[PDB]
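Asker: below: the sequence, then the experimentally determined structure.
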Amino acid sequence: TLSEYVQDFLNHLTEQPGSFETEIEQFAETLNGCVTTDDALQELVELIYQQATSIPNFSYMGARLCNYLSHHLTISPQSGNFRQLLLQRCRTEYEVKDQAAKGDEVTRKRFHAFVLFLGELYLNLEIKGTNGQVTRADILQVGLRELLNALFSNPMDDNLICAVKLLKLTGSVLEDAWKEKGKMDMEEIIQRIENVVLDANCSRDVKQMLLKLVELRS
Amino acid sequence: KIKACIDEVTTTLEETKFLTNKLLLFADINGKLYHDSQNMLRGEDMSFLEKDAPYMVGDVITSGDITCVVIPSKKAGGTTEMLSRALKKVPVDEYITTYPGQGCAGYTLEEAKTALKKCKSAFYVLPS
């Protein structure tokens, strides 16, 4: 099927990460010729999303691929382009972030991978403006803050470590974007983390890890 | 209980809809939406906006996730103080909006920004 051409390329990227640069152009050209339906584009999105959220170490590769397809796919269906359909799919799991963070261990694990894929998406996803084309996804900048808030609000070890990982990955970029706009989200984050250390019932090692973030971020 | 004006966006309507489904639109006393707010509509039923027209400056009309606030016209004498006061009538929440006083047949971008910043709600501002 057309779906299995995509999964084979995703599997190929997993096995050969270095193949991306030489094989990505051919992938886009083939998709431009065969993806002509709203449902076929929706399927392409779903397959990439599933690989990025269910397969380890595909967070970076998935996000890198999504950015490329967003500005190299020529199809523009009336229900939305690749970018729009992708973002709509993310909105689905994002809507229940508050519930996912307080779910069972497996639900939380799934949420963590979603969070870290969105973190890579924020870093990698480029958006062209009217005057300034060099911009990141602002909605993701906001979304990541809310995802962090959700994680600190359910201060279980795995949630907290997920937040640490996300802040190590995107923290510097978020810190610069917030400082440039005079926002105190970083300070809020630091205080929320401090409150976790003070009050939460999680492990001492996690708390010690959190304290070390206080040394780095401020 | 919600954030004090985070503001801004570059992403399109459907893209920004990832954050919230709540929209804040700007209307005149006749209940007719201003151009920027008219563009923000994607096939929603707007019959409810004429059902209670005409409106006083500061009147707020909500149906579902669509919010509408009656704003003063600068080309008809309206002041920045009047604009800010009308927006203070908006229930505190997270909204996807435009600049109220945009632009020709209204206030300047800086005056519209000031009124949004004076408000207690958190905004995601699309450009026009």
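Answerer: Arrived safely. Numbering: from 1, shown residues only, chains lettered A, B, ... in the order given.

Asker: from here on, contacts and neighbour counts on C-alpha atoms
Answerer: OK.

Asker: name the element the closest residue to chain B within chain A belongs to?
Answerer: Proximity to chain B, evaluated over chain A using Cα to the nearest Cα, is greatest for residue A:91 at 4.8 Å. Under the assignment given by DSSP states H and E, the secondary-structure element containing residue A:91 is helix A:82-95.

Asker: what element comes up after that helix heading to the C-terminus?
Answerer: On the C-terminal side of helix A:82-95, the closest following helix or strand by DSSP H and E is helix A:97-100.

Asker: quick one: secondary structure of residue 123?
Answerer: Defaulting to chain A. helix (DSSP: H, G, I helix; E, B strand; the rest coil).

Asker: switch to chain B, please.
Answerer: Under three-state DSSP, residue B:123 falls in the strand class.

Asker: what distance do you get for it to residue B:86?
Answerer: 16 Å (Cα to Cα, to the nearest Å).

Asker: more neighbours: which of these two?
Answerer: Neighbour totals were compared for residue B:123 and residue B:86, and residue B:123 leads with 24 against 21 (other Cα atoms under 10 Å in any protein chain shown).

Asker: ok now do the residue lying closest to residue B:94 once chain neighbours are set aside, which residues does it touch?
Answerer: Closest residue in space to residue B:94, ignoring its immediate chain neighbours: residue B:122 at 4.6 Å, by Cα to Cα, 6 or more residues apart in numbering or on different chains. Contact analysis of residue B:122 by Cα atoms under 8 Å, 6 or more residues apart in numbering or on different chains lists B:2, B:3, B:4, B:5, B:6, B:7, B:92, B:93, B:94, B:95.

Asker: out of these, list just those in helices.
Answerer: Assignment to helices by DSSP state H places none of the contacts of residue B:122 there.

Asker: among these, the buried ones, what's the PyMOL command?
Answerer: One line in PyMOL is enough to select the buried ones among the contacts of residue B:122; burial here means 16 or more other Cα atoms under 10 Å in any protein chain shown:
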select buried, chain B and resi 4+5+6+7+92+94+95
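
Asker: which of the contacts of residue B:122 fall in strands?
Answerer: Cross-referencing the contacts of residue B:122 against strands under DSSP state E gives B:94, B:95.

Asker: of the contacts of residue B:122, closest to chain A?
Answerer: residue B:6 (8.1 Å).

Asker: give me the contacts around the helix holding residue A:91.
Answerer: With contact meaning Cα under 8 Å, 6+ apart, helix A:82-95 is reached by A:41-42, A:45-46, A:49, A:66, A:69-70, A:73, A:76, A:111, A:114, B:14-15, B:18-19.

Asker: now stretch B:11-20
Answerer: A:84, A:87-88, A:90-91, A:94, A:127, A:137-139, A:142-143, B:9, B:40, B:94-96, B:124, B:126.

Asker: ok, the closest residue to chain A within chain B to residue A:11 distance?
Answerer: Using Cα to the nearest Cα, the single residue of chain B nearest to chain A is residue B:18, 4.8 Å away. As judged by Cα to Cα, residue B:18 and residue A:11 stand 29 Å apart.

Asker: excluding sequence neighbours, find me the nearest residue to residue A:125.
Answerer: Spatial nearest neighbour of residue A:125, excluding adjacent residues (Cα to Cα, 6+ apart): residue A:67 at 5.0 Å.

Asker: phi and psi next, for the spatially closest residue to residue B:27 that is not a sequence neighbour.
Answerer: Take residue B:27 and drop its neighbours on the chain: the residue closest to it by Cα to Cα, 6+ apart is residue B:33, 4.1 Å away. Main-chain dihedrals, residue B:33, degrees, to the nearest 10: phi -70, psi 150.

Asker: so which bits of chain A are right by chain B?
Answerer: The interface of chain A toward chain B, taken as Cα under 8 Å from any Cα of the partner chain, is made up of A:84, A:87-88, A:90-91, A:94, A:127, A:129, A:137-139, A:142-143.

Asker: I'd like those residues laid out as JSON lines, including distance to residue B:55 and neighbour count.
Answerer: As requested, the residues of chain A next to chain B are arranged in JSON lines below (distance: Cα to Cα, whole Å; neighbours: other Cα atoms under 10 Å in any protein chain shown):
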{"residue": "A:84", "distance to residue B:55": "36", "neighbour count": "20"}
{"residue": "A:87", "distance to residue B:55": "37", "neighbour count": "20"}
{"residue": "A:88", "distance to residue B:55": "36", "neighbour count": "19"}
{"residue": "A:90", "distance to residue B:55": "39", "neighbour count": "16"}
{"residue": "A:91", "distance to residue B:55": "36", "neighbour count": "19"}
{"residue": "A:94", "distance to residue B:55": "37", "neighbour count": "22"}
{"residue": "A:127", "distance to residue B:55": "39", "neighbour count": "18"}
{"residue": "A:129", "distance to residue B:55": "36", "neighbour count": "12"}
{"residue": "A:137", "distance to residue B:55": "38", "neighbour count": "21"}
{"residue": "A:138", "distance to residue B:55": "35", "neighbour count": "18"}
{"residue": "A:139", "distance to residue B:55": "34", "neighbour count": "21"}
{"residue": "A:142", "distance to residue B:55": "35", "neighbour count": "16"}
{"residue": "A:143", "distance to residue B:55": "36", "neighbour count": "20"}
